[PDB]
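make a model of this:
(one chain, ligands or ions: 1)
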Amino acid sequence: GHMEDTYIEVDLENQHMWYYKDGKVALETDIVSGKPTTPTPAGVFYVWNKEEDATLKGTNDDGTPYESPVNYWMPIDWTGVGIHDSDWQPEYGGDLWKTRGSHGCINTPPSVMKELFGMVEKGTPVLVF
Ligand SMILES: *C(=O)[C@@H]([C@@H]1NC(C(=O)O)=C(S[C@@H]2CN[C@H](C(=O)Nc3cccc(C(=O)O)c3)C2)[C@@H]1C)[C@@H](C)O
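Numbering: from 1, shown residues only. I have put the structure below:
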């Protein structure tokens, strides 16, 4: 269980992302989670911050630091993951995460994770599964 019924939610299996307001969604979007080599965990993560013109930095699973200046970012925790809008990725659908192999988190459409930033609040829960 997480909070009142509001949260970001994803389904990697089904490569689809959501926002949830009212236990129902605010967002419905198609995504791509992280690559098979370094899979996404799915379960319960947390947007304790929603972002605008964020930058997805860090280090690759290889030890190769990176950046991805994102329009909208939810730096979620304890899992490494992070849901975000992805203007750089033109695909979302059936399993891209394996073929396109994008890092470890969920690559959400630029149009939706904005909405998100607009509905989710610092403290909203994040899910992928
Ligand atoms: C979505 O993919 C999201 C982030 N991508 C990555 C990623 O690893 O590329 C993660 S996991 C996160 C990345 N930064 C940490 C990490 O792996 N550090 C690391 C890894 C290997 C070696 C070193 C080192 O030598 O210091 C460090 C964990 C995350 C889902 C957004 C932000 O792009």
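
and residue 98, how far is that from residue 15?
10 Å (C-beta to C-beta, to the nearest Å). Using the backbone N, CA and C atoms, a C-beta is placed for each residue, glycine as well.

so which of those two has more stuff around it?
residue 15 (23 against 16; other C-beta atoms under 10 Å).

wait, the more buried one touches residue 32, no?
Yes. At 5.6 Å, residue 15 counts as touching residue 32 under the criterion of C-beta atoms under 8 Å.

shared neighbours of the two, which are they?
Taking C-beta atoms under 8 Å, 6 or more residues apart in numbering as the contact rule, residue 15 and residue 32 both touch 92, 93, 95, 96, 97.

just the strands in this protein please.
Here the chain has its strands, by DSSP state E, at 6-11, 16-21, 24-30, 45-47, 54-55, 58-59, 65-66, 69-70, 73-74, 83-85, 107-108, 124-126.

burial of the nearest residue to residue 98 once chain neighbours are set aside, as a residue count?
Distances taken as C-beta to C-beta, 6 or more residues apart in numbering place residue 36 nearest to residue 98, at 5.1 Å, with adjacent residues excluded. Neighbourhood size, residue 36 [other C-beta under 10 Å]: 12.

and if you look at the one 3 residues further on?
Residues lying near residue 39 (other C-beta under 10 Å) number 13.

ok, the spatially most distant residue from the centre of the chain to the ligand distance?
Among residues of the chain, the one most distant from the C-alpha centroid is residue 63; the distance is 21.5 Å, by C-alpha atoms, centre = their mean. As judged by C-beta to the nearest ligand atom, to the nearest Å, residue 63 and the ligand stand 4 Å apart.

the nearest residue to residue 117 once chain neighbours are set aside: what's it in contact with?
Nearest residue to residue 117, sequence neighbours excluded (C-beta to C-beta, 6+ apart): residue 50, at 4.1 Å. The contact partners of residue 50, by C-beta under 8 Å, 6+ apart, come to 72, 73, 74, 116, 117, 120, 121, 122, 124.

what's the answer for residue 126, then?
Counting by C-beta under 8 Å, 6+ apart, residue 126 touches 7, 8, 9, 10, 44, 45, 46, 47, 74, 76, 81, 83.
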